[PDB]
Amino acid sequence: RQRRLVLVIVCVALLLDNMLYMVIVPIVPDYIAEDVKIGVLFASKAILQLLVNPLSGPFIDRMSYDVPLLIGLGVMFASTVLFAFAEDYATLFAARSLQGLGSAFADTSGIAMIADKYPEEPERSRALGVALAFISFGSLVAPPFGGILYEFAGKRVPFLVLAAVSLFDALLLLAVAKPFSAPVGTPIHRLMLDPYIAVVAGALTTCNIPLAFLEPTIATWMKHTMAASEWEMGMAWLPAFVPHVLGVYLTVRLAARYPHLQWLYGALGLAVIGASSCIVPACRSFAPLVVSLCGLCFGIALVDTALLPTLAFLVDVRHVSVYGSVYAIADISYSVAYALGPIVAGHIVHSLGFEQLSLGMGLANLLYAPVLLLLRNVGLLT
């Protein structure tokens, strides 16, 4: 019961955090208006994650997994409270940077706590799949409705309501966990010297590239090619939520009957992502584009659900069984992808065209797929 209650509290926090990172992208240009200046503002949450994760990683290994989560929740609450009262450039920049710092402190600690509370292989992937589903829901389904709510009630009251909800969740966590009631880990620099973790980091940073490079430069192409309407341009990623949860469930089911092929699922996911990315530019209608975007989210779910518990298993079987400096590496990879994306995607599209960036991303994803054969012999380690 205690494990189930704490998991729900952690999952709710991840749903609200990912919803806040997306609902502000369309709002910001209204209060600002030179296109380079706007790009740096958006790519500021991910930049601070690269500079803070190497420092907040080992800190989690030293003070368990409750205090960092509380600090992260407090920072995110403060960040939300300054967006409601923000109508300038510097204020929005500061709010986005605070969002990045809070994410860096609060995502790694939550994932590490989920990994630590479930030390058994059959029920670890099952617990991580729920968190992945919550993250995908918050990132995909909610911002469409937030955009509709903004045009009707403004941005002051909804952000205050979200901040109040986050504070209530933080208070619930503080009451349940009771952090104030009655080993030395492997250094992060030396952890990356393990050949079995560098390949996983490379796989994550390669798989997170299509979303980061396609989010800021897809609506313009859709408008210029299909003459899409506002509803078509807005409700594009919403029907992609069902394939993600289906893929997560399928991976969880398959990892319990054959508990040694955790590399095959990752390779298949990478190949599916590459094929979908290569197919995306060859769509001239709304439904084929929706299907091709559904395939990408289906592949991402497979890759994540296959490669997330593998890091915990490797740390258990080859290093000191402590987490927090290991998921910092995954956060660093995701952050570097999402920080490189929204500054150069538009320039690449302008200089080379939309039909070639997608081909390059698909080619990279396809080429990295056979690299995962190096994890073939894992599971025999003692």
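In case it trips you up, residue 1 is the first one in the sequence shown, and so on. Throughout, rigid core stands for the largest set of C-alpha atoms superposing within 1.5 Å between the two forms.
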Higher-deviation segment by CA RMS in 5 other deposited structures of this protein, core fitted, 116 to 124 or 225 to 233: 225 to 233
184 to 192 against 129 to 137 - segment lying farther from this form in 5 other deposited structures of this protein (CA RMS, rigid core fit): 184 to 192
No coordinates for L357 in a third or more of the other PDB entries: no
Absent coordinates for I343 in a third or more of other compared entries: no
Extent of unmodelled deposited sequence, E34 relative to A33: 10 or more
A182-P183 interval: deposited residues absent from the model: 4 to 9
